[PDB]
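S.K.: show me the folded form of this:
(4 chains)
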Amino acid sequence: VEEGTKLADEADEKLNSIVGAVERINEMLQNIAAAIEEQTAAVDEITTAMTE
Amino acid sequence: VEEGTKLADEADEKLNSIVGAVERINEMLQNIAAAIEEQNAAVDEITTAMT
Amino acid sequence: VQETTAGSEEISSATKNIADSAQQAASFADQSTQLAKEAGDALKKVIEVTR
Amino acid sequence: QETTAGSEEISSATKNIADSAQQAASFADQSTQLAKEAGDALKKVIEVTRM
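M.R.: Numbers count the residues shown, from 1 in each chain, chains lettered A, B, ... in the order given. Dropping the coordinates below:
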């Protein structure tokens, strides 16, 4: 029971680290989102400028 | 202990739902990898043109 | 100018793919944080049984 | 001149996304590995519990 209690708190700490890891993925995807918004505006002005 | 073994086997299945979700995240990140090489090729085709 | 537009169409196609792939990656990231919070809140009520 | 300016922010954005993507792919690998340890410790705590 004591050896199994720390083994349950071994999966719980690893799962807490996946929340952290996934929130690094989330922070990176949010930086790609802002970059895509700036790029989406730039591609618009080119596609307007080439039709002009 | 019977219903403690059950709750742990429910937490197994909820952890196998993360092992499916994180496989979908990797495929979506491979879909931006294939598009980032298209963007660099396309901007080389736009750079020689605008020049 | 037709050439530049064709490269702009490649940029367009690639940036739509990244905007959708990233919106779907993020949708599985919130599912993976929710399944993590669920599997953790479950597992701590197996620790409640082991104590 | 407007096209040249747009193509510059397209190049800069692409490099920022290329770097961000590289990192996010790394974090996805780190996430699956902690699901290997978390599942190992849970398929063994269910075995201790059922014993």
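
S.K.: is the helix or strand in which residue D:28 is found anywhere near chain C?
M.R.: According to DSSP states H and E, residue D:28 maps onto helix D:2-50. Yes: interface with chain C: helix D:2-50 contributes D:3, D:10, D:17, D:31, D:42, D:45, D:49 (Cβ under 8 Å from any Cβ of the partner chain). To be clear about C-beta, it is placed using only N, CA and C from the backbone, and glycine gets the same treatment.

S.K.: most neighbours out of those residues, which is it?
M.R.: Neighbour counts for the residues of helix D:2-50 next to chain C (other Cβ atoms under 10 Å in any protein chain shown) peak at residue D:45, which has 28 neighbours.

S.K.: how many residues are close by residue D:47?
M.R.: Residues near residue D:47, counting by other Cβ under 10 Å: 13.

S.K.: please determine how far it is located from residue B:12.
M.R.: 11 Å (Cβ to Cβ, to the nearest Å).

S.K.: ditto for residue A:16
M.R.: Distance, residue A:16 to residue B:12, by Cβ to Cβ: 17 Å.

S.K.: cool, and residue D:32?
M.R.: 17 Å.

S.K.: show me which of the two is the more surrounded one.
M.R.: Neighbours per residue (other Cβ under 10 Å) separate residue D:32 from residue B:12, with residue B:12 holding more: 19 against 16.

S.K.: name the residues of chain C found near chain A, please.
M.R.: Counting by Cβ under 8 Å from any Cβ, chain C sits next to chain A at C:1, C:4-5, C:8, C:11-12, C:15, C:18-19, C:22, C:25-26, C:29, C:32-33, C:36-37, C:39-40, C:43-44, C:46-47, C:50-51.
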